[PDB]
$ cat target26.cif   # mmCIF, C-alpha atoms
data_coords
loop_
_atom_site.group_PDB
_atom_site.id
_atom_site.type_symbol
_atom_site.label_atom_id
_atom_site.label_comp_id
_atom_site.auth_asym_id
_atom_site.auth_seq_id
_atom_site.Cartn_x
_atom_site.Cartn_y
_atom_site.Cartn_z
ATOM 1 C CA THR A 2 0.000 0.000 0.000
ATOM 2 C CA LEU A 3 1.206 3.478 -0.944
ATOM 3 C CA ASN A 4 -0.606 5.578 1.684
ATOM 4 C CA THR A 5 0.717 8.603 -0.154
ATOM 5 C CA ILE A 6 0.042 12.063 -1.491
ATOM 6 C CA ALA A 7 0.786 11.952 -5.230
ATOM 7 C CA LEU A 8 1.052 14.946 -7.546
ATOM 8 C CA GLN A 9 0.391 14.394 -11.232
ATOM 9 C CA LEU A 10 3.208 15.753 -13.415
ATOM 10 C CA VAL A 11 2.785 15.594 -17.187
ATOM 11 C CA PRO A 12 6.047 15.107 -19.155
ATOM 12 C CA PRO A 13 7.128 18.186 -21.113
ATOM 13 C CA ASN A 14 7.180 18.459 -24.877
ATOM 14 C CA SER A 15 10.346 16.806 -26.195
ATOM 15 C CA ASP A 16 10.438 18.560 -29.586
ATOM 16 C CA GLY A 17 13.048 21.127 -28.536
ATOM 17 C CA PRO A 18 16.827 20.807 -28.859
ATOM 18 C CA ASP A 19 17.015 20.002 -25.137
ATOM 19 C CA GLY A 20 14.296 17.370 -25.488
ATOM 20 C CA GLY A 21 12.281 19.088 -22.764
ATOM 21 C CA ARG A 22 14.986 18.748 -20.117
ATOM 22 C CA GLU A 23 15.135 22.444 -19.233
ATOM 23 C CA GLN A 24 11.336 22.518 -18.969
ATOM 24 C CA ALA A 25 11.419 19.388 -16.803
ATOM 25 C CA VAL A 26 13.863 20.970 -14.345
ATOM 26 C CA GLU A 27 11.769 24.151 -14.186
ATOM 27 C CA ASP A 28 8.590 22.106 -13.626
ATOM 28 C CA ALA A 29 10.189 20.238 -10.717
ATOM 29 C CA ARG A 30 11.412 23.514 -9.228
ATOM 30 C CA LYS A 31 7.954 25.050 -9.656
ATOM 31 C CA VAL A 32 6.545 22.100 -7.696
ATOM 32 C CA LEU A 33 8.950 22.663 -4.770
ATOM 33 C CA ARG A 34 8.301 26.425 -4.851
ATOM 34 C CA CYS A 35 4.503 26.030 -4.921
ATOM 35 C CA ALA A 36 4.548 23.466 -2.089
ATOM 36 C CA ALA A 37 6.794 25.716 -0.001
ATOM 37 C CA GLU A 38 4.582 28.771 -0.536
ATOM 38 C CA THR A 39 1.445 26.926 0.599
ATOM 39 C CA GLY A 40 2.680 25.006 3.646
ATOM 40 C CA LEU A 41 3.115 21.672 1.870
ATOM 41 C CA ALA A 42 6.921 21.427 1.790
ATOM 42 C CA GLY A 43 7.949 17.796 2.194
ATOM 43 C CA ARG A 44 4.356 16.527 2.100
ATOM 44 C CA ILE A 45 4.194 15.107 -1.445
ATOM 45 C CA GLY A 46 5.378 11.499 -1.416
ATOM 46 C CA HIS A 47 5.130 10.595 -5.096
ATOM 47 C CA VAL A 48 4.813 12.126 -8.541
ATOM 48 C CA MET A 49 2.269 10.489 -10.868
ATOM 49 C CA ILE A 50 3.709 10.601 -14.391
ATOM 50 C CA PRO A 51 1.203 9.631 -17.124
ATOM 51 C CA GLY A 52 2.645 7.425 -19.848
ATOM 52 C CA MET A 53 -0.401 8.158 -21.998
ATOM 53 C CA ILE A 54 -2.146 11.450 -22.810
ATOM 54 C CA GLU A 55 -5.409 11.124 -24.717
ATOM 55 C CA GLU A 56 -5.652 13.633 -27.562
ATOM 56 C CA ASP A 57 -8.899 15.470 -28.291
ATOM 57 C CA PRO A 58 -9.505 15.046 -32.046
ATOM 58 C CA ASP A 59 -11.282 18.412 -32.322
ATOM 59 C CA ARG A 60 -8.420 20.560 -30.993
ATOM 60 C CA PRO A 61 -7.072 22.620 -33.914
ATOM 61 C CA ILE A 62 -3.333 22.286 -33.221
ATOM 62 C CA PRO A 63 -1.715 18.928 -32.466
ATOM 63 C CA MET A 64 -0.040 17.665 -29.355
ATOM 64 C CA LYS A 65 3.717 17.678 -29.571
ATOM 65 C CA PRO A 66 5.835 14.622 -28.739
ATOM 66 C CA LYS A 67 6.294 14.181 -25.001
ATOM 67 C CA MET A 68 9.233 13.112 -22.862
ATOM 68 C CA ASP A 69 9.329 9.422 -22.027
ATOM 69 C CA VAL A 70 8.172 8.641 -18.495
ATOM 70 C CA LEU A 71 11.578 7.299 -17.486
ATOM 71 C CA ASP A 72 13.534 10.043 -19.276
ATOM 72 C CA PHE A 73 11.418 12.626 -17.430
ATOM 73 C CA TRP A 74 11.853 10.976 -14.015
ATOM 74 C CA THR A 75 15.628 10.729 -14.536
ATOM 75 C CA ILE A 76 15.817 14.495 -15.024
ATOM 76 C CA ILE A 77 13.492 15.551 -12.193
ATOM 77 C CA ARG A 78 14.502 12.933 -9.590
ATOM 78 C CA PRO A 79 17.587 14.925 -8.442
ATOM 79 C CA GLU A 80 15.438 18.056 -8.060
ATOM 80 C CA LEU A 81 12.826 16.372 -5.789
ATOM 81 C CA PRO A 82 14.817 14.693 -3.006
ATOM 82 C CA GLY A 83 12.697 12.144 -1.167
ATOM 83 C CA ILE A 84 9.915 11.903 -3.773
ATOM 84 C CA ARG A 85 9.264 8.514 -5.408
ATOM 85 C CA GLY A 86 7.596 7.504 -8.680
ATOM 86 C CA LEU A 87 4.170 6.404 -9.837
ATOM 87 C CA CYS A 88 3.163 6.118 -13.476
ATOM 88 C CA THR A 89 0.763 4.844 -16.069
ATOM 89 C CA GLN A 90 2.153 2.575 -18.771
ATOM 90 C CA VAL A 91 0.821 1.511 -22.155
ATOM 91 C CA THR A 92 1.238 -2.259 -22.490
ATOM 92 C CA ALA A 93 0.063 -2.761 -26.090
ATOM 93 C CA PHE A 94 3.659 -2.587 -27.408
ATOM 94 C CA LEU A 95 5.307 -4.691 -24.684
ATOM 95 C CA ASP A 96 5.385 -8.458 -25.087
ATOM 96 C CA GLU A 97 5.937 -10.428 -21.898
ATOM 97 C CA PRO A 98 9.779 -10.264 -22.074
ATOM 98 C CA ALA A 99 9.739 -6.527 -22.812
ATOM 99 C CA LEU A 100 7.213 -5.905 -19.983
ATOM 100 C CA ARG A 101 9.639 -7.529 -17.486
ATOM 101 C CA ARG A 102 12.459 -5.283 -18.881
ATOM 102 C CA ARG A 103 10.398 -2.088 -18.477
ATOM 103 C CA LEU A 104 9.262 -3.154 -15.001
ATOM 104 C CA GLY A 105 12.833 -3.780 -13.879
ATOM 105 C CA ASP A 106 13.885 -0.375 -15.209
ATOM 106 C CA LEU A 107 11.048 1.449 -13.429
ATOM 107 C CA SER A 108 11.579 -0.467 -10.177
ATOM 108 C CA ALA A 109 15.324 0.238 -10.203
ATOM 109 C CA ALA A 110 14.593 3.922 -10.870
ATOM 110 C CA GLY A 111 12.384 4.204 -7.775
ATOM 111 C CA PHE A 112 8.838 3.705 -9.039
ATOM 112 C CA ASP A 113 6.510 2.173 -6.453
ATOM 113 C CA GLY A 114 3.291 1.902 -8.457
ATOM 114 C CA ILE A 115 2.319 1.377 -12.072
ATOM 115 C CA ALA A 116 -1.178 1.549 -13.582
ATOM 116 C CA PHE A 117 -1.428 -0.207 -16.944
ATOM 117 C CA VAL A 118 -3.524 1.614 -19.542
ATOM 118 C CA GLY A 119 -4.582 1.439 -23.174
ATOM 119 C CA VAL A 120 -3.692 3.540 -26.199
ATOM 120 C CA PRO A 121 -5.472 6.780 -27.194
ATOM 121 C CA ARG A 122 -8.453 6.467 -29.520
ATOM 122 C CA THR A 123 -6.482 8.190 -32.308
ATOM 123 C CA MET A 124 -3.425 5.899 -32.318
ATOM 124 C CA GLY A 129 0.257 -4.141 -31.044
ATOM 125 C CA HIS A 130 1.847 -7.354 -29.800
ATOM 126 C CA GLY A 131 1.936 -6.863 -26.027
ATOM 127 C CA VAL A 132 -0.162 -7.690 -23.003
ATOM 128 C CA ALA A 133 -3.600 -6.229 -22.439
ATOM 129 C CA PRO A 134 -3.471 -3.889 -19.418
ATOM 130 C CA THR A 135 -5.529 -6.159 -17.188
ATOM 131 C CA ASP A 136 -3.378 -9.209 -17.970
ATOM 132 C CA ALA A 137 -0.240 -7.271 -16.980
ATOM 133 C CA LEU A 138 -1.518 -6.618 -13.442
ATOM 134 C CA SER A 139 -0.414 -10.028 -12.136
ATOM 135 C CA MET A 140 2.926 -10.304 -13.976
ATOM 136 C CA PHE A 141 6.321 -10.092 -12.237
ATOM 137 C CA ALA A 142 4.471 -8.807 -9.188
ATOM 138 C CA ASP A 143 7.680 -8.306 -7.187
ATOM 139 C CA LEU A 144 8.627 -5.430 -9.533
ATOM 140 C CA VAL A 145 6.811 -2.129 -8.896
ATOM 141 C CA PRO A 146 4.509 -4.115 -6.585
ATOM 142 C CA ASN A 147 1.655 -1.595 -6.471
ATOM 143 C CA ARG A 148 -0.379 -2.435 -9.581
ATOM 144 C CA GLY A 149 -3.037 0.062 -10.610
ATOM 145 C CA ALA A 150 -6.328 -0.093 -12.473
ATOM 146 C CA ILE A 151 -8.222 2.996 -13.628
ATOM 147 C CA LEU A 152 -11.524 3.477 -11.781
ATOM 148 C CA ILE A 153 -14.330 5.684 -13.118
ATOM 149 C CA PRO A 154 -17.166 5.348 -10.589
ATOM 150 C CA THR A 155 -19.815 6.910 -12.877
ATOM 151 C CA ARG A 156 -19.146 4.595 -15.808
ATOM 152 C CA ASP A 157 -21.811 2.094 -16.822
ATOM 153 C CA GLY A 158 -20.909 -1.389 -15.603
ATOM 154 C CA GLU A 159 -17.978 -0.272 -13.459
ATOM 155 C CA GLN A 160 -18.907 -2.546 -10.545
ATOM 156 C CA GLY A 161 -18.262 -5.696 -12.570
ATOM 157 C CA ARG A 162 -15.433 -4.113 -14.559
ATOM 158 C CA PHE A 163 -13.452 -3.058 -11.474
ATOM 159 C CA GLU A 164 -14.234 -6.257 -9.551
ATOM 160 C CA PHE A 165 -12.733 -8.256 -12.405
ATOM 161 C CA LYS A 166 -9.597 -6.108 -12.391
ATOM 162 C CA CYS A 167 -9.268 -6.789 -8.658
ATOM 163 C CA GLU A 168 -9.643 -10.507 -9.395
ATOM 164 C CA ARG A 169 -6.837 -10.197 -11.948
ATOM 165 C CA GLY A 170 -4.508 -8.591 -9.415
ATOM 166 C CA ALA A 171 -5.123 -4.861 -9.109
ATOM 167 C CA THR A 172 -3.828 -3.641 -5.758
ATOM 168 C CA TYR A 173 -4.994 -0.045 -6.211
ATOM 169 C CA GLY A 174 -7.515 1.903 -8.231
ATOM 170 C CA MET A 175 -6.588 5.337 -9.570
ATOM 171 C CA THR A 176 -9.825 7.262 -9.984
ATOM 172 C CA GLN A 177 -10.777 9.609 -12.748
ATOM 173 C CA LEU A 178 -11.037 13.200 -11.556
ATOM 174 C CA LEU A 179 -13.742 13.319 -8.867
ATOM 175 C CA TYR A 180 -16.249 16.194 -9.058
ATOM 176 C CA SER A 181 -19.103 14.520 -7.144
ATOM 177 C CA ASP A 182 -19.651 12.001 -4.356
ATOM 178 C CA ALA A 183 -20.355 9.248 -6.913
ATOM 179 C CA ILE A 184 -17.255 7.435 -5.607
ATOM 180 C CA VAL A 185 -18.961 7.112 -2.221
ATOM 181 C CA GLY A 186 -21.953 5.194 -3.540
ATOM 182 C CA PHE A 187 -19.667 3.233 -5.830
ATOM 183 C CA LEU A 188 -17.352 2.011 -3.061
ATOM 184 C CA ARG A 189 -20.251 1.367 -0.681
ATOM 185 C CA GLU A 190 -21.787 -1.021 -3.216
ATOM 186 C CA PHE A 191 -18.395 -2.506 -4.090
ATOM 187 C CA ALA A 192 -17.678 -3.224 -0.428
ATOM 188 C CA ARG A 193 -21.128 -4.771 -0.032
ATOM 189 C CA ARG A 194 -20.842 -6.961 -3.129
ATOM 190 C CA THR A 195 -17.188 -8.006 -2.913
ATOM 191 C CA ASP A 196 -14.353 -8.790 -0.526
ATOM 192 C CA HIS A 197 -11.853 -6.777 -2.581
ATOM 193 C CA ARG A 198 -10.265 -3.869 -0.698
ATOM 194 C CA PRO A 199 -7.776 -2.307 -3.127
ATOM 195 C CA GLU A 200 -6.146 0.959 -2.150
ATOM 196 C CA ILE A 201 -8.050 3.848 -3.720
ATOM 197 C CA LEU A 202 -5.955 6.696 -5.136
ATOM 198 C CA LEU A 203 -8.559 9.474 -4.974
ATOM 199 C CA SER A 204 -7.995 11.995 -7.762
ATOM 200 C CA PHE A 205 -8.848 15.671 -7.250
ATOM 201 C CA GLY A 206 -8.267 18.243 -9.969
ATOM 202 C CA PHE A 207 -7.975 21.982 -9.471
ATOM 203 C CA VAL A 208 -10.225 23.990 -11.799
ATOM 204 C CA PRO A 209 -8.903 27.470 -12.753
ATOM 205 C CA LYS A 210 -10.894 30.149 -14.580
ATOM 206 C CA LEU A 211 -9.119 29.117 -17.790
ATOM 207 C CA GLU A 212 -11.359 26.029 -17.823
ATOM 208 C CA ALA A 213 -14.324 28.270 -18.658
ATOM 209 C CA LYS A 214 -12.452 29.255 -21.837
ATOM 210 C CA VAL A 215 -10.750 25.968 -22.738
ATOM 211 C CA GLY A 216 -13.013 23.210 -21.387
ATOM 212 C CA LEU A 217 -10.286 20.570 -21.107
ATOM 213 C CA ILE A 218 -11.536 19.123 -17.809
ATOM 214 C CA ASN A 219 -15.125 19.021 -19.089
ATOM 215 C CA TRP A 220 -13.852 16.996 -22.041
ATOM 216 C CA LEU A 221 -11.610 14.757 -19.922
ATOM 217 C CA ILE A 222 -14.585 13.576 -17.830
ATOM 218 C CA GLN A 223 -17.221 13.541 -20.570
ATOM 219 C CA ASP A 224 -19.661 10.634 -20.808
ATOM 220 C CA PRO A 225 -22.516 11.580 -23.156
ATOM 221 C CA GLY A 226 -25.912 10.585 -21.793
ATOM 222 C CA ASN A 227 -24.669 9.909 -18.251
ATOM 223 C CA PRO A 228 -26.610 12.155 -15.839
ATOM 224 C CA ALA A 229 -24.168 11.680 -12.975
ATOM 225 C CA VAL A 230 -21.364 12.933 -15.224
ATOM 226 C CA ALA A 231 -23.579 15.789 -16.439
ATOM 227 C CA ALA A 232 -23.881 16.821 -12.790
ATOM 228 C CA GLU A 233 -20.077 16.678 -12.449
ATOM 229 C CA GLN A 234 -19.535 18.810 -15.545
ATOM 230 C CA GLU A 235 -22.030 21.337 -14.161
ATOM 231 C CA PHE A 236 -19.960 21.386 -10.964
ATOM 232 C CA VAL A 237 -16.769 22.005 -12.962
ATOM 233 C CA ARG A 238 -18.438 24.821 -14.978
ATOM 234 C CA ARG A 239 -19.689 26.408 -11.730
ATOM 235 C CA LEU A 240 -16.213 26.208 -10.104
ATOM 236 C CA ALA A 241 -14.407 27.645 -13.141
ATOM 237 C CA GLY A 242 -16.360 30.901 -12.875
ATOM 238 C CA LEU A 243 -16.373 31.365 -9.105
ATOM 239 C CA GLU A 244 -13.958 33.784 -7.456
ATOM 240 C CA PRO A 245 -10.758 32.187 -6.099
ATOM 241 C CA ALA A 246 -11.822 31.745 -2.460
ATOM 242 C CA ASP A 247 -15.267 30.528 -3.503
ATOM 243 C CA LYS A 248 -13.889 27.748 -5.708
ATOM 244 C CA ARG A 249 -11.478 26.739 -2.940
ATOM 245 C CA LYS A 250 -14.349 26.460 -0.453
ATOM 246 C CA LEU A 251 -16.433 24.357 -2.846
ATOM 247 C CA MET A 252 -13.553 22.032 -3.723
ATOM 248 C CA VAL A 253 -12.640 21.553 -0.065
ATOM 249 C CA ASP A 254 -16.305 20.843 0.733
ATOM 250 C CA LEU A 255 -16.311 18.168 -1.981
ATOM 251 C CA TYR A 256 -13.080 16.719 -0.610
ATOM 252 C CA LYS A 257 -14.601 16.512 2.854
ATOM 253 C CA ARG A 258 -17.729 14.847 1.469
ATOM 254 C CA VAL A 259 -15.681 12.182 -0.316
ATOM 255 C CA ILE A 260 -13.260 11.470 2.524
ATOM 256 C CA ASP A 261 -16.032 11.259 5.123
ATOM 257 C CA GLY A 262 -18.175 9.186 2.776
ATOM 258 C CA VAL A 263 -15.525 6.525 2.091
ATOM 259 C CA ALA A 264 -13.568 6.624 5.361
ATOM 260 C CA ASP A 265 -15.386 3.703 7.065
ATOM 261 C CA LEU A 266 -15.587 1.400 4.024
ATOM 262 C CA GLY A 267 -12.310 -0.472 4.548
ATOM 263 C CA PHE A 268 -10.278 0.593 1.495
ATOM 264 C CA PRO A 269 -6.786 2.025 2.087
ATOM 265 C CA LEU A 270 -6.740 5.597 0.811
ATOM 266 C CA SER A 271 -4.224 7.774 -1.014
ATOM 267 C CA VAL A 272 -4.680 11.225 -2.547
ATOM 268 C CA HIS A 273 -3.850 12.054 -6.181
ATOM 269 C CA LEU A 274 -3.564 15.808 -6.806
ATOM 270 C CA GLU A 275 -3.954 17.145 -10.351
ATOM 271 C CA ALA A 276 -3.604 20.620 -11.900
ATOM 272 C CA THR A 277 -4.647 19.919 -15.494
ATOM 273 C CA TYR A 278 -3.669 23.409 -16.668
ATOM 274 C CA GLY A 279 -0.372 23.401 -14.760
ATOM 275 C CA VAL A 280 0.912 23.633 -11.212
ATOM 276 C CA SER A 281 0.280 26.994 -9.578
ATOM 277 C CA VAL A 282 0.142 28.593 -6.158
ATOM 278 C CA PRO A 283 -3.695 28.835 -6.320
ATOM 279 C CA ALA A 284 -3.937 25.107 -7.074
ATOM 280 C CA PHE A 285 -1.680 24.348 -4.116
ATOM 281 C CA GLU A 286 -3.639 26.753 -1.908
ATOM 282 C CA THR A 287 -6.636 24.496 -2.534
ATOM 283 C CA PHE A 288 -4.625 21.297 -2.090
ATOM 284 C CA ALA A 289 -3.222 22.580 1.186
ATOM 285 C CA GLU A 290 -6.654 23.201 2.710
ATOM 286 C CA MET A 291 -7.820 19.765 1.545
ATOM 287 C CA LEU A 292 -4.798 18.011 3.040
ATOM 288 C CA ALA A 293 -5.222 20.019 6.231
ATOM 289 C CA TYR A 294 -8.625 18.355 6.638
ATOM 290 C CA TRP A 295 -7.379 14.830 5.959
ATOM 291 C CA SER A 296 -4.114 13.392 4.695
ATOM 292 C CA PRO A 297 -3.080 9.713 4.362
#

$ encode --input "target26.cif" --output "structure tokens"
Amino acid sequence: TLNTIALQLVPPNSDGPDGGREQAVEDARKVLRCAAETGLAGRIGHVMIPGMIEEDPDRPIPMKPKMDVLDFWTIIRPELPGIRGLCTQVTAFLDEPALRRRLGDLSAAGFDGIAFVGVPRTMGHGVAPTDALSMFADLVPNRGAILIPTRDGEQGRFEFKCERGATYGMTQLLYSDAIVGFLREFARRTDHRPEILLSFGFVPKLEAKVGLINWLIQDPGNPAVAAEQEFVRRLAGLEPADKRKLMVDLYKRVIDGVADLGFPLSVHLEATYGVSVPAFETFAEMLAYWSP
């Protein structure tokens, strides 16, 4: 079990002559600075590096190439003394031998958890993500499945992934208490008690203009998600202290709602638009209420 506070850090664009290395160092230093400014120095235990970024097909200008997960960690690891690694990893291009090689490399580099994921919709000889969960379990021994508590059929989908060896579930961004009802029914139906990495994403006013979070959580026809998107739209437009209050209230509703269910809990902090002092001001008040 991780019992950790994880901060998501997206690898920089690698299309420059430095391959993103200067940007990676500055990003790490911005993390330390923002944590220090908000009373969170030394509190973040892990960085969550995604090894997959879904691309919105309707965005006019394309994503640039991104730094490899392990290249990125190698650069930022010296700048974040004491912080360890978590990641997601695409397994579609990793046969069983190559999956053991990648796992050994990530373990040796200091990664403690790995969530196996699929390929973006707009992009094949390896293991399916759910088959990888139980392989070479001594390497990076925290093995993550993605958990979206609003998604149709998620009770049977996530139960199966626990059967196949998931030790933790990394949630989609949480903008309602749907995870409370989900885990209450999961605990009732099953004996599985994976660690839950509860994901919380700061919403700046830029979301009102860009709508990236709204798109990241979209599920057309799902009324529970519609409610979440309405919550995100509301937050985007509220004044800074108002959106902090509402996000902290949501945090408290989730933590209280799941605290007696028997799942180990970690916290996954996300700033989709980039780390900032306002994001960390919100994180700090959340973690002041409850921290793993």

$ closest_atom_pairs --input "target26.cif" --of "range 69-137 of chain A" --to "range 27-51 of chain A" --cutoff "9 Å" --atoms "all atoms listed in the file" --output "tab-separated table"
residue	atom	partner	partner_atom	distance
A:70	CA	A:50	CA	6.4
A:73	CA	A:50	CA	8.5
A:74	CA	A:50	CA	8.2
A:77	CA	A:29	CA	5.9
A:78	CA	A:29	CA	8.6
A:80	CA	A:29	CA	6.3
A:81	CA	A:29	CA	6.8
A:83	CA	A:46	CA	7.4
A:84	CA	A:46	CA	5.1
A:85	CA	A:47	CA	4.6
A:86	CA	A:47	CA	5.3
A:87	CA	A:49	CA	4.6
A:88	CA	A:50	CA	4.6
A:89	CA	A:51	CA	4.9
A:90	CA	A:51	CA	7.3
A:112	CA	A:47	CA	8.8
A:113	CA	A:47	CA	8.6
A:114	CA	A:49	CA	9.0

$ resolve_selection --input "target26.cif" --expression "the PyMOL selection byres ((chain A and resi 239-247) around 7)" --output "list in words"
residues 208, 209, 210, 212, 213, 235, 236, 237, 238, 248, 249, 250 and 251 of chain A

$ closest_atom_pairs --input "target26.cif" --of "range 187-217 of chain A" --to "range 274-281 of chain A" --cutoff "9 Å" --atoms "only C-alpha atoms" --output "CSV"
residue,atom,partner,partner_atom,distance
A:203,CA,A:274,CA,8.3
A:204,CA,A:274,CA,5.9
A:205,CA,A:274,CA,5.3
A:206,CA,A:275,CA,4.5
A:207,CA,A:276,CA,5.2
A:208,CA,A:276,CA,7.4
A:209,CA,A:278,CA,7.7
A:211,CA,A:278,CA,8.0
A:212,CA,A:278,CA,8.2
A:217,CA,A:277,CA,8.0

$ resolve_selection --input "target26.cif" --expression "the PyMOL selection byres ((chain A and resi 263) around 8)" --output "PDB file with C-alpha atoms, keeping the file's coordinate frame"
ATOM      1  CA  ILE A 184     -17.255   7.435  -5.607  1.00  0.00           C
ATOM      2  CA  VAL A 185     -18.961   7.112  -2.221  1.00  0.00           C
ATOM      3  CA  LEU A 188     -17.352   2.011  -3.061  1.00  0.00           C
ATOM      4  CA  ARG A 189     -20.251   1.367  -0.681  1.00  0.00           C
ATOM      5  CA  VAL A 259     -15.681  12.182  -0.316  1.00  0.00           C
ATOM      6  CA  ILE A 260     -13.260  11.470   2.524  1.00  0.00           C
ATOM      7  CA  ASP A 261     -16.032  11.259   5.123  1.00  0.00           C
ATOM      8  CA  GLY A 262     -18.175   9.186   2.776  1.00  0.00           C
ATOM      9  CA  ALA A 264     -13.568   6.624   5.361  1.00  0.00           C
ATOM     10  CA  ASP A 265     -15.386   3.703   7.065  1.00  0.00           C
ATOM     11  CA  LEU A 266     -15.587   1.400   4.024  1.00  0.00           C
ATOM     12  CA  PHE A 268     -10.278   0.593   1.495  1.00  0.00           C
TER      13      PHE A 268
END

$ resolve_selection --input "target26.cif" --expression "the PyMOL selection byres ((chain A and resi 118) around 6)" --output "VMD selection string"
chain A and resid 90 to 91 117 119 134

$ residues_around --input "target26.cif" --residues "residue 229 in chain A" --least-positions-apart "5" --cutoff "9 Å" --atoms "all atoms listed in the file" --output "MDAnalysis selection string"
chainID A and resid 155 181 183 234

$ atom_distance --input "target26.cif" --atom1 "CA of residue 140 in chain A" --atom2 "CA of residue 122 in chain A"
25.5 Å

$ residues_around --input "target26.cif" --residues "residue 141 in chain A" --least-positions-apart "2" --cutoff "10 Å" --atoms "all atoms listed in the file" --output "ChimeraX atom specification"
/A:97,100-101,104-105,137-139,143-146

$ atom_distance --input "target26.cif" --atom1 "CA of residue 55 in chain A" --atom2 "CA of residue 220 in chain A"
10.6 Å

$ atom_distance --input "target26.cif" --atom1 "CA of residue 79 in chain A" --atom2 "CA of residue 108 in chain A"
16.6 Å

$ closest_residue --input "target26.cif" --among "A:199, A:226, A:170, A:63" --to "residue 3 in chain A" --atoms "only C-alpha atoms"
A:199

$ axis_aligned_box --input "target26.cif" --around "range 53-72 of chain A" --padding-each-side "8 Å" --output "JSON"
{"center_x": 1.1, "center_y": 15.0, "center_z": -25.7, "size_x": 40.8, "size_y": 31.3, "size_z": 32.4}

$ closest_residue --input "target26.cif" --among "A:15, A:75, A:92, A:223" --to "residue 53 in chain A" --atoms "all atoms listed in the file"
A:92

$ residues_around --input "target26.cif" --residues "residue 148 in chain A" --least-positions-apart "6" --cutoff "7 Å" --atoms "all atoms listed in the file" --output "VMD selection string"
chain A and resid 114 to 116 138 171 to 173

$ residues_near_point --input "target26.cif" --point "(-15.8, -0.3, -4.0)" --cutoff "10 Å" --atoms "all atoms listed in the file" --output "ChimeraX atom specification"
/A:152,154,159-160,163-164,174,184-201,263,266-268

$ closest_residue --input "target26.cif" --among "A:60, A:175, A:257, A:14" --to "residue 215 in chain A" --atoms "only C-alpha atoms"
A:60

$ closest_residue --input "target26.cif" --among "A:59, A:7, A:93, A:287" --to "residue 253 in chain A" --atoms "all atoms listed in the file"
A:287

$ decode --input "target26.cif" --residues "range 57-67 of chain A" --atoms "N, CA, C and O atoms" --output "PDB file, in the first residue's frame"
ATOM      1  N   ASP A  57      -7.567  15.088 -27.833  1.00  0.00           N
ATOM      2  CA  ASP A  57      -8.899  15.470 -28.291  1.00  0.00           C
ATOM      3  C   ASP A  57      -8.864  15.691 -29.797  1.00  0.00           C
ATOM      4  O   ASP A  57      -8.138  16.576 -30.268  1.00  0.00           O
ATOM      5  N   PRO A  58      -9.619  14.923 -30.586  1.00  0.00           N
ATOM      6  CA  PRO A  58      -9.505  15.046 -32.046  1.00  0.00           C
ATOM      7  C   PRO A  58      -9.959  16.391 -32.589  1.00  0.00           C
ATOM      8  O   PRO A  58      -9.609  16.729 -33.730  1.00  0.00           O
ATOM      9  N   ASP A  59     -10.730  17.158 -31.828  1.00  0.00           N
ATOM     10  CA  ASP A  59     -11.282  18.412 -32.322  1.00  0.00           C
ATOM     11  C   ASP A  59     -10.419  19.622 -31.982  1.00  0.00           C
ATOM     12  O   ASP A  59     -10.774  20.746 -32.360  1.00  0.00           O
ATOM     13  N   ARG A  60      -9.295  19.431 -31.297  1.00  0.00           N
ATOM     14  CA  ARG A  60      -8.420  20.560 -30.993  1.00  0.00           C
ATOM     15  C   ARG A  60      -7.654  20.953 -32.253  1.00  0.00           C
ATOM     16  O   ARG A  60      -7.095  20.080 -32.928  1.00  0.00           O
ATOM     17  N   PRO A  61      -7.600  22.244 -32.595  1.00  0.00           N
ATOM     18  CA  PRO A  61      -7.072  22.620 -33.914  1.00  0.00           C
ATOM     19  C   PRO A  61      -5.591  22.326 -34.099  1.00  0.00           C
ATOM     20  O   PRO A  61      -5.172  22.018 -35.221  1.00  0.00           O
ATOM     21  N   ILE A  62      -4.779  22.422 -33.053  1.00  0.00           N
ATOM     22  CA  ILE A  62      -3.333  22.286 -33.221  1.00  0.00           C
ATOM     23  C   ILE A  62      -2.874  21.058 -32.446  1.00  0.00           C
ATOM     24  O   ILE A  62      -3.343  20.805 -31.320  1.00  0.00           O
ATOM     25  N   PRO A  63      -1.979  20.259 -33.018  1.00  0.00           N
ATOM     26  CA  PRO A  63      -1.715  18.928 -32.466  1.00  0.00           C
ATOM     27  C   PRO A  63      -0.866  18.971 -31.208  1.00  0.00           C
ATOM     28  O   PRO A  63      -0.145  19.925 -30.929  1.00  0.00           O
ATOM     29  N   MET A  64      -0.977  17.894 -30.440  1.00  0.00           N
ATOM     30  CA  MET A  64      -0.040  17.665 -29.355  1.00  0.00           C
ATOM     31  C   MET A  64       1.357  17.481 -29.933  1.00  0.00           C
ATOM     32  O   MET A  64       1.533  16.945 -31.031  1.00  0.00           O
ATOM     33  N   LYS A  65       2.337  17.943 -29.202  1.00  0.00           N
ATOM     34  CA  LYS A  65       3.717  17.678 -29.571  1.00  0.00           C
ATOM     35  C   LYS A  65       4.171  16.367 -28.942  1.00  0.00           C
ATOM     36  O   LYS A  65       3.533  15.852 -28.015  1.00  0.00           O
ATOM     37  N   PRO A  66       5.268  15.786 -29.429  1.00  0.00           N
ATOM     38  CA  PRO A  66       5.835  14.622 -28.739  1.00  0.00           C
ATOM     39  C   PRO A  66       6.168  14.978 -27.298  1.00  0.00           C
ATOM     40  O   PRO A  66       6.473  16.128 -26.974  1.00  0.00           O
ATOM     41  N   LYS A  67       6.094  13.979 -26.427  1.00  0.00           N
ATOM     42  CA  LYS A  67       6.294  14.181 -25.001  1.00  0.00           C
ATOM     43  C   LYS A  67       7.465  13.342 -24.513  1.00  0.00           C
ATOM     44  O   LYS A  67       7.765  12.280 -25.064  1.00  0.00           O
TER      45      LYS A  67
END
